[PDB]
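Please read the structure below before turning to the comments.
As a convention, Cβ positions derive from the backbone with ideal geometry for all residues, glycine included, and neighbour counts pool all protein chains shown. Nothing in this text is a laboratory measurement; each read-out follows from the coordinates by a stated rule.
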Amino acid sequence: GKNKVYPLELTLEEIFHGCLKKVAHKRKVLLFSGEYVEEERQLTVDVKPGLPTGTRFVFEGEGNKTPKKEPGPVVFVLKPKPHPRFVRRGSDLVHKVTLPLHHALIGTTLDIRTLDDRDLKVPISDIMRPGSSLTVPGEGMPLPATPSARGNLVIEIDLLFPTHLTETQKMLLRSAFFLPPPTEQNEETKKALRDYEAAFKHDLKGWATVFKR
Amino acid sequence: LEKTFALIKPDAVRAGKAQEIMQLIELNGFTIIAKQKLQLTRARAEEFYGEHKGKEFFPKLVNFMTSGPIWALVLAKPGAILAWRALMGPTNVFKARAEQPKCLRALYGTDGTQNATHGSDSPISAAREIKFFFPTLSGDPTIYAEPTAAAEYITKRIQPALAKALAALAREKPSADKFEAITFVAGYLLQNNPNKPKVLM
Amino acid sequence: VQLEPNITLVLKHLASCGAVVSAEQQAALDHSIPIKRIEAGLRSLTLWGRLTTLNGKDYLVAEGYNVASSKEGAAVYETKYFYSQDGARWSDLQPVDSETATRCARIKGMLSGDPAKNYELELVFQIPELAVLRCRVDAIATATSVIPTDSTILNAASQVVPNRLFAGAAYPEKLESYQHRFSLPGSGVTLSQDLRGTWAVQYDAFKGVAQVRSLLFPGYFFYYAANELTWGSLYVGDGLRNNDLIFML
Amino acid sequence: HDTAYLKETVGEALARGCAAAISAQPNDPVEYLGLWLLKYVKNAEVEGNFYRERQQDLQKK
Amino acid sequence: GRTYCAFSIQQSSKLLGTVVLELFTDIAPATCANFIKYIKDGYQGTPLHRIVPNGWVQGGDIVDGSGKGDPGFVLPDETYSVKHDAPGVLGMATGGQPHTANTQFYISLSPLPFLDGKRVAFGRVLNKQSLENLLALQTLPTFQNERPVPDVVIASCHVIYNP
Amino acid sequence: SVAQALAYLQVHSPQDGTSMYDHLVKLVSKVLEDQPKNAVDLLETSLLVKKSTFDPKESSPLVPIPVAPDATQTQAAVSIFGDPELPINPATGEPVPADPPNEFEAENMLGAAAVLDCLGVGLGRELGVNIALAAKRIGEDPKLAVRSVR
Amino acid sequence: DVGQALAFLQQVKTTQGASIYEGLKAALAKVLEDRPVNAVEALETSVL
Amino acid sequence: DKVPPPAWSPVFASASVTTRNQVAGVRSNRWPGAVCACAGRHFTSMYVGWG
């Protein structure tokens, strides 16, 4: 009652879309000769969209044939090849992105290319907590049961904090983090803030926008 | 009225001459039954080029065929195969330039293997390739629809599983209504069949 | 007749009603609208409207869809909404759940600029501004989406498609010539079946152009040129609702 | 006997399924036939559903 | 919404009880039609032939009434859908091989896991009284080799609730 | 003529999954099978056939590829509107070294476009905005140190 | 054979008042002359 | 929010702060549709909308 188990590596795109793989099987039949004789068989496996990892496809009557006992079935176990962007977790994808600290605080738009040939620009809705995550509904692997609904794409956020900060940068950060509410700011405070904003966004001598060298 | 298979190779694609090729095809009286832009993988290309197995030009041919997307097309005309071959011209671009300068090989081809187009050769090969690239495209209602051919197909393709399914149905003897028995036999056929495996998770 | 409202025609016919966009933003719109239509799978993406804000960075909102079917006796569009402060780069607007959908309608006021703003309600509930932004767009589109009647028809497989043989609507001054986009083509539901004083129509009989304005939502304008058979709609201003309509009229 | 049961239970639709399979010439005739039978049992109710919906719409008009 | 049929059991000028059965006219229409036709013209005085203590109550022969097969008709096997899992299940008995069924019928007195797929069951009892009648009939005073020593004879039979 | 019409009818529609020839064959086959004594309805029969056609949706050995026009030119045109954010080095997390915009001398190009539009000549206001933005891009380049852009 | 089918199709009428053969011929001629955008959908949407 | 909004809000003409000649103004929040614009020595006020 022995069976031959073979891994079957499929890409995330193939799993998402639904592939039709053709595999080659080397079947050995025992004869009176000291050495065995083998033949190559062609098997067509039809993977459905979004099948769970570990799916077993069993071909009955295909396998090494001893002279007495009928050969047992051959098993193909489905596994996904590594992907540069997405790793699947059940029925939905997981994306791990390294995020700048200023991106996390101010708010920027992460750019993700889906398994389907579509771009996606997901904004940051709030201050991303350390070890937090974001969810985009309807952007994961399709459900194996129903061919319309899909999972939800999960962005796992790992913040990238700046390496060096100067004393003036720390002073500005402290001022930003302890700025009073706008209903409490003094007239001098408002004037200073307006002057600093104008000087920072100066069109020719400000550092609001610069060109990389 | 017949139909033939023809593909625009990646060499005629990367320079964006595919639209001009299609426009010339339409101007020369052809008609595109079906078109599709697609990229072959190594295994698919090797299976498609099965006739030239173990040839000297096979490695370079299969390497070139998978360097970019191609266009697969079906062309319909009463004299489709011969007309497409005449418009195709010689198999070599250098000879084509000398013989007929106004042919797709001379205008777009650049190398002996990079002829910028590929076409079918014989009606049987054309039908085989049309089935290979467009499985859902109907055609050939005379060779398939023959009494002896249909009997031969039924005997050796559907009978081995149908006999077992009907034997199982007779043994079980489900409700006398049509629908339950039809559902049972269909489920058995989709459950245990020779070519396809059984899916478990 | 037409298959998709233009961006130039809508911005031109609705200029009188104040539905205008920045000149620089208009130039960026001509370039980045086709780009977003190809980056996403959408086959018909237009500019839905522009919401004002406490800053100068108004939220330009674009709406696009792929499939438009008929289920449960109502035509549904799988619309995808995008937002952008300027016309260059667009971001996506995710849908919100029912629990947040009820806690976002109580946040009256004007939206701020940074889309990373959180509002507080009552225990305290933290709700992102983009959730509030999505709620207002959904609420406006639910009650204000206006298209000419018989412009969409049903084909096989129950898909609503533009009526390529549409010959216009007789009496464009009457509200019976316009219907909600989610009303089935067979159903005789029009803007007349709504509240009587909600919609006001001003029709220019000489130039053959009609204007429909919502009084429940004052920032929504829709036009329909009978001669060239082109119709389009836009929203400007904030997305708040005019609750006390009875006193205004 | 049992052949009568088989003939008046599954005989009629099986011939049409085999004709469709031989006309289409698929890659998996055994798999093609089963999905054909599922569609054959599925469409019988939806045709009546369509008739009912059309009649109801006309009555409402 | 099926057809119902009742019949009485009486032994040696002594009424033993009555039983009422429902016929699965939506499962085995041909078997139900044959059973109704024979209960309308037949079963009037046929003794209870075979009585197994924990098995089934069997009987219903017409031309002989003592356990031999009858000529004139053969009932083909119809369908195996009703499963013998509860007492008071009515079915037809056939030969060792299918398509030999006759008037000979049986009523289960216990779950019968083995009998499924071999006997055509097309009826059931209605109430607890009918089942208790057979349960009491099981413990007859004297019965010789799976047959009552007196003649347990069907006193009367009729059909109700459906034309 | 007739061959051209037959080919046009046999043209395969991708999204609908069937051709005119196949649909007509199925409709006439259904009518012949029915042998209707009473009046028929072409619309009813066509809709019913469309809903009853068997569509075997099997997998395809090749993943689909998308057809789309190139967008490099449009992307380059867009890239001049908003000032690009300075990218950061992933190793350090800090913005990459950069240069301030180059100081150059150019006229009021928006006013020039307005004057041209008022006069009735030029390229138009929509193109004038793009020209002004491109001129700003050229002038602000530190590597391309220019003194005047016109 | 084919003649039997043609003869049968020339007898059956339709709600619009013409035979199925003439109606289908007119629809096919209209489709051929018009050359619509989506022919299959236009068959059920416009030409009939 | 617990912070009352201001009666006036800034309005710009470009997304870049380095445009050479960009007009700027204010917009009234109490009366919607009232705007003021200024470019050098050319300033203007206009009210368009519902009263």
Item to check | Exclusive hit being outside any loop (DSSP other than H, G, I, E, B) and within 12 Å of chain C (Cβ to nearest Cβ), set A:93, A:120, A:99 | outcome: A:120
Next on the checklist: One residue is enough: does the stretch C:5-27 have a residue meeting the conditions within 14 Å of chain A (Cβ to nearest Cβ) and not hydrophobic (A, V, I, L, M, F, W, C)?
Outcome noted: no
Checklist entry - Considering only residues of the stretch B:172-196 that are part of a helix (DSSP H, G or I), at the interface with chain D (Cβ under 8 Å from one of its Cβ atoms) and out of contact with any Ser or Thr (no Cβ under 7 Å at 6 or more places or on another chain), which is surrounded by the fewest Cβ atoms within 10 Å (Cβ to Cβ)? => result B:179
Item to check | Hits in the stretch F:1-42 (condition: in a helix (DSSP H, G or I), in contact with a helix residue (DSSP H, G or I) (Cβ under 7 Å, 6 or more places away or on another chain) and of a type in the set (A, V, I, L, M, F, W, C)) | outcome: F:5, F:9, F:20, F:27, F:31, F:32, F:42
Checklist entry - Just checking, which of C:47, C:42 is surrounded by 17 or more Cβ atoms within 10 Å (Cβ to Cβ), more than 7 Å from every other protein chain (Cβ to nearest Cβ) and in a loop (DSSP other than H, G, I, E, B)? => result C:42
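Yes or no, residue by residue, for (1) surrounded by 16 or more Cβ atoms within 10 Å (Cβ to Cβ); (2) part of a strand (DSSP E or B); (3) within 9 Å of chain C (Cβ to nearest Cβ); (4) among the aromatic types (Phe, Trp, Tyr):
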site	(1), (2), (3), (4)
H:1	no, no, yes, no
H:4	no, no, no, no
H:13	yes, no, yes, no
H:17	yes, no, no, no
H:27	yes, yes, yes, no
H:38	no, yes, no, no
H:45	no, yes, no, no
H:51	no, no, no, no
Item to check | Exclusive hit being of a type in the set (A, V, I, L, M, F, W, C) and in contact with a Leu (Cβ under 7 Å, 6 or more places away or on another chain), set E:112, E:134 | outcome: E:134
Checklist outcome for this item: Residue hits (the stretch C:1-57; over 16 Å from the mean Cα position of the chain (by Cα) and among the charged types (D, E, K, R)) are C:12, C:24, C:30, C:36, C:37, C:39, C:43, C:57
Item to check | Criterion violated by residue C:142 - all others in (1) surrounded by fewer than 17 Cβ atoms within 10 Å (Cβ to Cβ); (2) outside any helix (DSSP H, G or I) satisfied | outcome: (2)
Checklist entry - Of the residues that make up the stretch A:137-153, is at least one within 25 Å of residue C:83 (Cβ to Cβ), of a type in the set (D, E, K, R) and not in a strand (DSSP E or B)? => result no
Next on the checklist: Checking residue F:1 against (1) at the interface with another protein chain (Cβ under 7 Å from one of its Cβ atoms); (2) surrounded by fewer than 16 Cβ atoms within 10 Å (Cβ to Cβ); (3) over 32 Å from the mean Cα position of the chain (by Cα); (4) among the small types (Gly, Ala, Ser): exactly one of these is not met. Which one?
Outcome noted: (1)
Checklist entry - Any residue in the stretch G:12-33 that is more than 21 Å from residue F:16 (Cα to Cα), in a loop (DSSP other than H, G, I, E, B) and touching a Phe, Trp or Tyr at 6+ places or on another chain (Cβ under 9 Å)? => result yes
Item to check | Which numbered condition residue E:150 fails, given (1) in a loop (DSSP other than H, G, I, E, B); (2) within 14 Å of chain B (Cβ to nearest Cβ); (3) surrounded by 13 or more Cβ atoms within 10 Å (Cβ to Cβ); (4) out of contact with any helix residue (DSSP H, G or I) (no Cβ under 8 Å at 6 or more places or on another chain) | outcome: (2)
Item to check | For residue F:150: the one exception among (1) assigned to a helix (DSSP H, G or I); (2) over 23 Å from residue C:89 (Cα atoms); (3) more than 13 Å from chain A (Cβ to nearest Cβ); (4) not aromatic (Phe, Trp, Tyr) | outcome: (1)
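Matching residues to (1) crowded, with 18+ Cβ neighbours inside 10 Å; (2) among the acidic types (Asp, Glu); (3) assigned to a strand (DSSP E or B):
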site	(1), (2), (3)
C:69	no, no, yes
C:78	no, yes, yes
C:81	yes, no, yes
C:96	yes, no, no
C:99	no, yes, no
C:107	no, no, no
Checklist outcome for this item: How many residues of the stretch A:38-82 are closer than 28 Å to residue A:121 by Cα and exposed (fewer than 14 other Cβ atoms within 10 Å of the Cβ)? The answer is 3
Item to check | Pairs, first within 14 Å of another protein chain (Cβ to nearest Cβ) in the stretch A:55-68, second of a type in the set (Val, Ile, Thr) and assigned to a loop (DSSP other than H, G, I, E, B), C-beta under 9 Å, six or more apart | outcome: A:55/A:47; A:57/A:47
Item to check | Positions within the stretch F:68-107 being assigned to a loop (DSSP other than H, G, I, E, B), at the interface with chain A (Cβ under 7 Å from one of its Cβ atoms) and among the β-branched types (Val, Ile, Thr), in sequence order | outcome: F:92, F:96
Checklist entry - List, please: which pairs have Cβ atoms under 7 Å, are six or more places apart or on different chains, and start with a residue in the stretch A:1-15 that is assigned to a loop (DSSP other than H, G, I, E, B) and end with one that is among the basic types (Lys, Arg)? => result A:11/A:81
Checklist outcome for this item: Here the residues within the stretch F:114-137 that are assigned to a helix (DSSP H, G or I) and more than 10 Å from every other protein chain (Cβ to nearest Cβ) are F:114, F:115, F:116, F:117, F:118, F:119, F:131, F:134
Next on the checklist: So residue C:131 passes all but one of these: (1) part of a loop (DSSP other than H, G, I, E, B); (2) in contact with a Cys (Cβ under 6 Å, 6 or more places away or on another chain). Which condition number does it fail?
Outcome noted: (1)
Item to check | Criterion violated by residue G:24 - all others in (1) surrounded by fewer than 17 Cβ atoms within 10 Å (Cβ to Cβ); (2) more than 7 Å from chain F (Cβ to nearest Cβ) satisfied | outcome: (1)
